[PDB]
Amino acid sequence: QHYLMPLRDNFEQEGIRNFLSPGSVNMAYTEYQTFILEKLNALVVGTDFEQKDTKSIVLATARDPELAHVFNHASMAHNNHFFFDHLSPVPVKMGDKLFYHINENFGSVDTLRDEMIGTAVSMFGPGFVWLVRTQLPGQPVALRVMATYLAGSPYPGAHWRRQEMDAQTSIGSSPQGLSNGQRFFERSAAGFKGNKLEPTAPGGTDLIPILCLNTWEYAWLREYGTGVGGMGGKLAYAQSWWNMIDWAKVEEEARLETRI
Amino acid sequence: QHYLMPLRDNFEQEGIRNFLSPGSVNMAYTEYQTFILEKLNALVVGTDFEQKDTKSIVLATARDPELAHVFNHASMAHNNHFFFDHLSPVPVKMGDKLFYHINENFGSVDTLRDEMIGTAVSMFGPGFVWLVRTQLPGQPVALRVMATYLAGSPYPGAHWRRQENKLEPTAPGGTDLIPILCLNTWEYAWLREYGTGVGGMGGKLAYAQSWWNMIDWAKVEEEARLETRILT
Amino acid sequence: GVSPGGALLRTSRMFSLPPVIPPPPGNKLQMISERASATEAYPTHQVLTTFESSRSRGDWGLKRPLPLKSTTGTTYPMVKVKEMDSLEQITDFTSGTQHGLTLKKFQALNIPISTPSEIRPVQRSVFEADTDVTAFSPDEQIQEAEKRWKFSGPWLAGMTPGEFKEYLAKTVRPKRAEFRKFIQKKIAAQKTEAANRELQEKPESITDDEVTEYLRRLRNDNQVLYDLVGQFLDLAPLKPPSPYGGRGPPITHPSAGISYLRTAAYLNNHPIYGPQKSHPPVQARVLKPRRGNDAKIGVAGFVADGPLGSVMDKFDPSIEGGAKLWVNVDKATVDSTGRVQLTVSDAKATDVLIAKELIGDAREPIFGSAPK
Amino acid sequence: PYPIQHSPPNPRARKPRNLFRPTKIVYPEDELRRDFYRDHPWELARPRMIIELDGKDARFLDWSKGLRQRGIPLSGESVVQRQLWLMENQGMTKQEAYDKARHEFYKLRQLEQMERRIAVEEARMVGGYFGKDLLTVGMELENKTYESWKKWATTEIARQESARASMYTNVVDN
Amino acid sequence: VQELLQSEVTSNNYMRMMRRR
């Protein structure tokens, strides 16, 4: 069965300094990751996914419509742990290599800050904001910001559930609305018939998530309160998060090829 | 400038007996509803959506990437109030007339309790569980269960339509609905008091079960309009 | 009391395999084919599955590994074992996809199983606490005996003249002495109802000759006696003097364990078109056209009667892959013979276009290029 | 040797045969399994993995809690084990314990089916698309197989009509 | 209209090959 694993630096015991109280991280990871794994176990208790890993269940249950409920619990457990696994007990100084690509791609580290934080609030819904690394066979490494919805995964092997654009406020009769609507059916029709829209490289090496931001309410509603009056809330939660990012590890997983 | 409407029976101070504590209702409605309106007023001030009520702002701004922020806050503010606007201070008996139609649509009141509570615990995320009324061939008075998933408007006007009152009254394959009952599944309402739900105690399951014992069926039957056998 | 080896085998997985249940009953006096046999009404053997790492090795938890040619390559690993080791020293097995995938295709319809109705359509679930009950008390009266679905006695109308004689000779004949006692217990209620109704203004319950006379009195009214005889032998009701006593009680649970939904009273919220009026249509295949003047259609692997309304009238060899028709499954029920019978109805026009739009088959999409 | 007697030997027998023959293993659950799976035949269509992992399944089974245990899936076996526990500890009867464990089993199956539909419906509300389903895949396989029959029938009917017309000896061509 | 009669012949021909009720 799938069991809960400890956190990075005993966050469950002490928690982050000025980002999450030990009681909040307890309700956010222990009392929730355990709840998700209990449901995940019941769904794979007697199937081939019984001994498979979370990410393996994600890629294997991405397109199958009869396993969408299994994808949620598997993808949620993977995304949730991916969030806490990149937090540092003490602020870290951004490396030189990473500090270069961020400025070359987004213009400035402060610009990337507002883009991710701005996307978290602009999304108005529980999800995850990713910092993806895209590198086509001919093009160089390029960093962008991808925002997934409730349990969507950023990996290319699970593009079937790359839930990054709501349909209730993005598909309409307006000029931009019709464009989104066309792309909607173009994906559903292409995916259904098996055709691929964007050619990808083998092994899903195109997109490599490096950083994540969990915007679900169970992670900040208790600590930063609702947010009425401009104090705390989902806004301050995203701001304080930006200070505890493990830029040392973020740069590592990025694997920015040295060319300077 | 929209203002926070007071709840039915002072739920802000006393709160429901066994459903929600006065502290939970504070963070659930007194604070959250204000947070939405404050962000909504800042987006409609100096426009044609200043004095319009919540429902009108929803139907007006719907399915458009330019006014997505308005629809979200507008629809969420409406659905949130509609949820607290159907809770009674104490358990009330269900009218005999409504009890009849619920048995003609779902076969029994227990089947309805499981179809609504079951639909809520099976969402895996925010949303609202609705009990709408509609007219279907063979059942002039049809009661159905619907589920909006995030800031989703249950009304038909908030969906895409075709023209040739240019726009048709009903969306492709849709119908006219009358949201009677609602159930808020956002963490703002149940996470504080009931927690996550580990071990089988608490969470949406315990939250949804208690909600069923505090429904103001007197108002549910009223908005149902069971005497209007034909609706247009 | 049992050795540790015997304690493990008991809770073992292979020991938990269910026994092979008898096949779905058919016409007893009718002829059949014994050499060849097609798919049955409902499954009789358990479908088995393995891990993908084990299937490549042929290990299915059985005595021996199965051949790879006939068990690898497909998508859904499913197998039915008839004998774990036959007289040929081989595991007589076959594919279990004919029923394993028929269950998944049926549950894809998202429809419950309702109680059989008579011809005001009122679809009532079969899992209701008042009808779905099997444990009864000796005090259980007759008015509440119609709600049950599992009776100990047989359905007299369904038995053959031979099975009925064997029943009269080996089941009811040696129960005369017991039935006389059953009357005495009633007399205890007959002498106390009139002896205890005035106290608010038990009997001896053991008699020999009084019973003989009470039975004679019932000869003028045969109905009150049948209700007393059936209640003792636990016979299923036959005539109204209600619970669909036409074809008899079901030989299985009214749902047959194929679907556990309790209602279809819900609306499908479309991403762009909001809630829908009816459930999405399902494409069916035409079998045995009218030109018997009745047509048969295949919906989700089950055979049902065509909609009450061409393609269903005359065969057309020009159509590729046969004739197909979009329909909507209105009601699903389980007859007394264990079959699953669907009341299919023709699907609307706009709905078939909405369904085809998602999968990318609609010619004129309702969105974008639909000015009117 | 005298093999283990899993069932009491016939006492009325005066000259019993097959004394050195192993006997059939029967448990009180055999009677219960046959009752359940006969009332729920389509429960056999749900694939079940009888392949053992380590033989330690019965170490985490406490049927005093409910039908959902550790390591085993929710199946007709859970109802039989839960029924047997109630029928022995709580003193319930075969029918009473059957109805209780049977009803607990239905409410769990309903949530499993309601979650598939809702899980797919919400995924599309946020830009989630899926592949082909069995209803579509199942029909395409019938098309490809129906064609093979059409070719056979078309080629087999020509045999009869040709052999039938040629039955008469009309080769004189008068 | 005779072209419609031969269709009935071809139809019934296949109906005979479907040796199943």
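Name the one entry in D:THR145, D:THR154 that is exposed (fewer than 15 other Cβ atoms within 10 Å of the Cβ), more than 8 Å from chain C (Cβ to nearest Cβ) and not in a loop (DSSP other than H, G, I, E, B).
D:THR145
If B:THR47 satisfies all but one of (1) at negative phi; (2) in a loop (DSSP other than H, G, I, E, B); (3) surrounded by 20 or more Cβ atoms within 10 Å (Cβ to Cβ); (4) of a type outside the set (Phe, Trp, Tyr), what's the number of the condition it fails?
For B:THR47, the failing item is (3).
When the stretch B:109-156 is examined, which residues are found to be at positive phi and buried (at least 20 other Cβ atoms within 10 Å of the Cβ)?
Result: B:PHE124, B:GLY125, B:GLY127, B:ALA151.
Which one is surrounded by the most Cβ atoms within 10 Å (Cβ to Cβ), of the residues in the stretch A:164-175 that are more than 10 Å from chain C (Cβ to nearest Cβ) and more than 26 Å from the chain's Cα centre (by Cα)?
Looking at the filtered set, the residue picked out is A:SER174.
Of the residues that sit in the stretch B:119-156 and are facing chain C (nearest Cβ under 9 Å) and in a helix (DSSP H, G or I), which one is nearest to D:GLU112 (Cα to Cα)?
B:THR119
List the number of the failed condition for C:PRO65; all other conditions in (1) part of a loop (DSSP other than H, G, I, E, B); (2) in contact with a strand residue (DSSP E or B) (Cβ under 9 Å, 6 or more places away or on another chain) hold.
C:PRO65 satisfies every listed condition except (2).
Which residue out of A:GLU257, A:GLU252 is farther than 14 Å from A:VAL129 by Cβ, surrounded by fewer than 16 Cβ atoms within 10 Å (Cβ to Cβ) and touching a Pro at 6+ places or on another chain (Cβ under 9 Å)?
Exactly one of A:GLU257, A:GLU252 is farther than 14 Å from A:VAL129 by Cβ, surrounded by fewer than 16 Cβ atoms within 10 Å (Cβ to Cβ) and touching a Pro at 6+ places or on another chain (Cβ under 9 Å), namely A:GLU257.
Would you confirm, using the coordinates I've provided, whether D:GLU115 is more than 7 Å from chain C (Cβ to nearest Cβ) and surrounded by fewer than 15 Cβ atoms within 10 Å (Cβ to Cβ)?
Considered against the rule, which asks whether it is more than 7 Å from chain C (Cβ to nearest Cβ) and surrounded by fewer than 15 Cβ atoms within 10 Å (Cβ to Cβ), D:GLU115 comes out as no.
Only one of these conditions is not met by D:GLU77: (1) assigned to a helix (DSSP H, G or I); (2) closer than 20 Å to A:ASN41 by Cα; (3) more than 10 Å from chain C (Cβ to nearest Cβ). Which number is it?
(3)
Looking at D:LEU44, D:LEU74 in this structure, which one is farther than 30 Å from A:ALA189 by Cβ, out of contact with any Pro (no Cβ under 6 Å at 6 or more places or on another chain) and not charged (D, E, K, R)?
D:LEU74
Is it the case that some residue within the stretch C:51-62 is among the charged types (D, E, K, R), farther than 23 Å from D:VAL26 by Cβ and not in a loop (DSSP other than H, G, I, E, B)?
The answer is yes; a qualifying residue exists.
I need the full set of residues from the stretch C:91-130 which are within 12 Å of chain D (Cβ to nearest Cβ), surrounded by 18 or more Cβ atoms within 10 Å (Cβ to Cβ) and part of a loop (DSSP other than H, G, I, E, B), in order please.
C:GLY96, C:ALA108, C:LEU109, C:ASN110, C:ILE111, C:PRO112, C:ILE113, C:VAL126, C:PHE127
So which residues in the stretch C:71-88 are among the hydroxyl-bearing types (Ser, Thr, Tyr) and surrounded by fewer than 13 Cβ atoms within 10 Å (Cβ to Cβ)?
C:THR74, C:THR75, C:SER86
Can you name every residue in the stretch C:9-29 that is in a helix (DSSP H, G or I) and at the interface with chain D (Cβ under 7 Å from one of its Cβ atoms)?
C:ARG10, C:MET14, C:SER16
How many residues are away from chain D (no Cβ under 14 Å) and of a type outside the set (A, V, I, L, M) if we restrict to the stretch C:297-323?
Residues flagged as away from chain D (no Cβ under 14 Å) and of a type outside the set (A, V, I, L, M) within the stretch C:297-323 amount to 7.
Just a yes or no: is a residue in the stretch A:5-23 part of a helix (DSSP H, G or I) and more than 20 Å from the chain's Cα centre (by Cα)?
yes
For every residue, the table says whether it meets (1) over 26 Å from D:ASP35 (Cβ atoms); (2) away from chain D (no Cβ under 11 Å); (3) under 15 Å from the mean Cα position of the chain (by Cα).
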residue	(1), (2), (3)
C:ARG247	no, yes, yes
C:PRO250	no, no, yes
C:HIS253	no, no, yes
C:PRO280	yes, no, no
C:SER336	no, yes, yes
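What is the number of the single condition among (1) more than 22 Å from A:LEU40 (Cα to Cα); (2) of a type in the set (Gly, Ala, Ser); (3) more than 10 Å from chain C (Cβ to nearest Cβ); (4) not in a loop (DSSP other than H, G, I, E, B) that D:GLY91 does not meet?
Unmet condition: (4).
Identify all residues within the stretch B:185-225 that are assigned to a loop (DSSP other than H, G, I, E, B) and more than 14 Å from chain A (Cβ to nearest Cβ); write none if there are none.
B:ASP216, B:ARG225
Answer yes or no: is there a residue in the stretch C:295-309 that is more than 26 Å from the chain's Cα centre (by Cα), surrounded by fewer than 21 Cβ atoms within 10 Å (Cβ to Cβ) and among the β-branched types (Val, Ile, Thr).
no
Restricting the search to the stretch B:72-108, which residues are within 11 Å of chain C (Cβ to nearest Cβ) and surrounded by fewer than 16 Cβ atoms within 10 Å (Cβ to Cβ)?
Result: B:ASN103, single match.
Going by what's in this entry, would A:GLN182 be described as surrounded by fewer than 16 Cβ atoms within 10 Å (Cβ to Cβ) and either within 26 Å of A:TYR32 (Cα to Cα) or within 14 Å of chain B (Cβ to nearest Cβ) (or both)?
Answer is yes for this residue.
List pairs: first residue in the stretch D:119-138 and within 7 Å of chain A (Cβ to nearest Cβ), second residue in a helix (DSSP H, G or I) and of a type in the set (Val, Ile, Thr) anywhere in the structure, Cβ distance under 7 angstrom, at least six positions apart or on different chains.
Matching pairs, first to second residue: D:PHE130/D:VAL120.
Just one of (1) within 21 Å of A:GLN1 (Cα to Cα); (2) out of contact with any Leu (no Cβ under 7 Å at 6 or more places or on another chain) trips up D:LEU108, so point out which.
Here D:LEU108 clears every test but (2).
Show the residue pairs that are 6+ apart or on different chains and have beta-carbon atoms under 8 Å apart, the first residue being within the stretch C:276-298 and under 11 Å from C:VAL344 (Cα atoms), the second being crowded, with 18+ Cβ neighbours inside 10 Å and polar (S, T, N, Q).
Sorted first by the residue in the stretch C:276-298, then by its partner, the pairs are C:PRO281/C:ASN328; C:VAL282/C:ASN328.
Between D:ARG70, D:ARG82, which is under 27 Å from C:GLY61 (Cα atoms), out of contact with any strand residue (DSSP E or B) (no Cβ under 9 Å at 6 or more places or on another chain) and crowded, with 18+ Cβ neighbours inside 10 Å?
Residue meeting the stated conditions: D:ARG82.
For the stretch C:338-365, give me each residue that is within 11 Å of another protein chain (Cβ to nearest Cβ) and of a type in the set (A, V, I, L, M, F, W, C).
Of everything in the stretch C:338-365, those that are within 11 Å of another protein chain (Cβ to nearest Cβ) and of a type in the set (A, V, I, L, M, F, W, C) turn out to be C:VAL340, C:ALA349, C:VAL352, C:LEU353, C:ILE354, C:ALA355, C:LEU358, C:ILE359, C:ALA362.
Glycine also receives a Cβ, built like all others from the backbone with ideal geometry; neighbour counts cover every protein chain displayed. Coordinate-derived values only; no laboratory data.
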